[PDB]
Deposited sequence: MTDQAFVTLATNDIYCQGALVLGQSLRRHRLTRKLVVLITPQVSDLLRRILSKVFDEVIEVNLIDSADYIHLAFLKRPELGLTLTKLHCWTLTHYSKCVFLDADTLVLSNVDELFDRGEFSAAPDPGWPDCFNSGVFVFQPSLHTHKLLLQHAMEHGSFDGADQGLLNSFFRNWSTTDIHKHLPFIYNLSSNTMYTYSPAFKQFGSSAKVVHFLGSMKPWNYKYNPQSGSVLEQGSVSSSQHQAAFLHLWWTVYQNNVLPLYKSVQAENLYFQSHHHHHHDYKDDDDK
């Protein structure tokens, strides 16, 4: 197929997220390619392990002048621009990007029925999308425009979510079909309290997104944590213990 799931691991620790994400996709009847972007900081060891899960392991480094300039002008956007490398994967016609701190709970192949740029609303400011999960179409032209926009204006939150919301500015007003249902990117903040909405709709979750400074891998050898958050932490570790830990050996 000419379609893929894409994620990003910027260091050996974050590879744990990518590996769990990757295996969660394989558990639920994988029909697409799996791609992981990495930085030069990812060790040869983790590369061999990643290769047991991902069809492609692609190191992002420095490349054309238009890329160099953005990177050198705005060092703070180094990881953002690394993520945007996903738009250069032009051997795929359509991709779903998933951040390495997400977990797939069910087959989500229906996401490929969506067109660029499709994303779920972000809690807190719901007229912005969360950039942890989105459907895009690789294009060198789009990549150039994104980087020119990054170079020219930067990001209003210093991260990829601000840059992407700024570029795909009409997301909240144009076409409802590019609004992914919230269950395709369910923030782990939403389940800190057992709210009526979460009780009513939470069970239909297809992808969970672990936010906060405390990632799932930080719980294994001081920020508050919920029982219902803990539940999803346990699902993450179930995939890790059963589908990832064996790979390391």
Taking the deposited sequence from residue 1, the uncovered stretches are 1, 64-65, 225-235, 264-288
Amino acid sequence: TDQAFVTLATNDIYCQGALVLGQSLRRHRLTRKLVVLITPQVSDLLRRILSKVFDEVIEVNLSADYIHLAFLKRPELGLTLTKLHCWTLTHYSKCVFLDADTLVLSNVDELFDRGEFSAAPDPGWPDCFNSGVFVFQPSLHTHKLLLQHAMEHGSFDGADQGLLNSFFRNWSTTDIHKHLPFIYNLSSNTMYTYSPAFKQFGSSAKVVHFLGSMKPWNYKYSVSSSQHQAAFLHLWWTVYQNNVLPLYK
From here on, numbers count along this sequence of modelled residues.
Return whichever of 138-146 and 151-159 has the greater mean Cα B factor according to the PDB record. 151-159
Between 30-38 and 191-199 (mean CA B-factor, as deposited), the higher: 191-199
Whose CA atom has the top B-factor in the entry, of 127, 116, 113, 99? 113
Third of the chain, ranked by Cα B-factor, where residue 4 sits: lowest
Using the temperature factors of the C-alpha atoms in this entry, rank residue 71 within its chain: lowest, middle or highest third. highest
Pull the Cα B-factor of residue 221 out of the PDB entry and bin it into the chain's lowest, middle or highest third. highest
Third of the chain's Cα B-factor distribution that residue 13 belongs to, per the entry: highest
Third of chain Cα B-factors occupied by residue 208: middle
